[PDB]
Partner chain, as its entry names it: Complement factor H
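We begin with a single chain expressed as structure tokens, specifically the form solved without its partner chain.
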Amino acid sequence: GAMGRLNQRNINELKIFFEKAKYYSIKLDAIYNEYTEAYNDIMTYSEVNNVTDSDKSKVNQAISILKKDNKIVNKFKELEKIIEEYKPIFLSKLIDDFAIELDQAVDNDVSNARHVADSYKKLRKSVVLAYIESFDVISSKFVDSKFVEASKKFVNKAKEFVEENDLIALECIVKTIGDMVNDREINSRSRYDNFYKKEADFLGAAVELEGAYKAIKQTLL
């Protein structure tokens, strides 16, 4: 009756969320890929004047690359948009604050550049966690208590995996959810044996979550 109907509503909300946010990991990679050299030129610049690693010129170009067309802010706003209905309240202001920092960044100020760079790095990890927060909200509404338990453990292991590599953790998270809601078997194969300690436990969390979601599905057709 109501329980069968609330199971279906929960499953529809998870699928709608996943499909709307299909490109979350790909789009966040694209930001990271475009701005890694600008980030590295800021970070590696040695205040010892540089040691055969160019000079203050490279930092100014890196900052200008970050500001160009407000591209990076727009790309972050695109990700906020994709989880509009579930996003943590902190995310919008964190993107705004970063956008303001970027306007304030002037030439020949390596400290400010490193700071702008540091807020870039934190925003990345924060945007990863906004996706986990978004799934946590959705999964917490589930009436099936076994799925909620598997979701709590999955979020836990997802968060620990994010501390090791935020963008790989995000990729595996988006893969697992996408597979599960498209009735594709989860691939529990590790791709980083003897590198990321938190991958195996996360893929285990994913298999148990698959188990609990399959079991709800079996009760709907």
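Positions refer to the first chain, counted from 1. We call the rigid core the largest set of C-alpha positions that still match within 1.5 Å between the two forms. Shifts are known only where both forms have a C-alpha.
- For the segment pair 124-132 and 81-89, the entry gives 81-89 the higher mean B-factor, averaged over Cα atoms.
- As listed in the deposited structure, the average C-alpha B-factor of 22-30 and of 39-47 is greater for 39-47.
- For the set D179, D166, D55, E160, the PDB entry puts the maximum C-alpha B factor at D55.
- For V59, the recorded CA B-factor ranks within the highest third of the chain. Only modelled residues enter the ranking.
- Sorting the modelled residues of the chain by their CA temperature factor places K152 in the middle third.
- When the CA B factors of the chain's modelled residues are split into thirds, the value for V143 lands in the middle one.
- Residue-level temperature factors show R191 in the highest third of its chain, judged at the C-alpha atom.
- Compared with the other modelled residues of the chain, the Cα B-factor recorded for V73 ranks in the lowest third.
Keep in mind that the form deposited with its partner chain bound is missing from the display, and what follows is about it.
- Taking the partner from elsewhere, every residue among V51, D55 and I168 has a non-hydrogen atom within 4.5 angstroms of its partner chain in the entry with it bound.
- In the entry with it bound, its partner chain lies farther than 4.5 Å from every heavy atom of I65.
- Taking the partner from the other structure, its partner chain in the entry with it bound has no heavy atom within 4.5 Å of any heavy atom of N70.
- Although the partner is absent here, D29 lies within 4.5 Å of its partner chain in the entry with it bound, judged by heavy atoms.
- Using a 4.5 angstroms threshold between heavy atoms, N156 stays clear of its partner chain in the entry with it bound.
- Scanning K75, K146, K121, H115 against its partner chain in the entry with it bound with a 4.5 Å heavy atom cut-off leaves one residue, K121.
- Residues from 86-110 do not approach its partner chain in the entry with it bound: none has a non-hydrogen atom within 4.5 Å of it.
- When the two forms are superposed on their rigid core between this form and the one not shown, the C-alpha shift of 2 Å or more among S190, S54, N156, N40 belongs solely to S54.
- In the entry with it bound, the CA atoms of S64 and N49 move apart by 3 angstroms or more relative to this form.
- Whereas the displayed form keeps them at a certain spacing, the CA atoms of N49 and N60 lie at least 3 angstroms farther apart in the entry with it bound.
- Core-superposed difference between this form and the one not shown: segments of three or more residues with every CA shifted 2 Å or more are 46-54, 87-89, 192-194.
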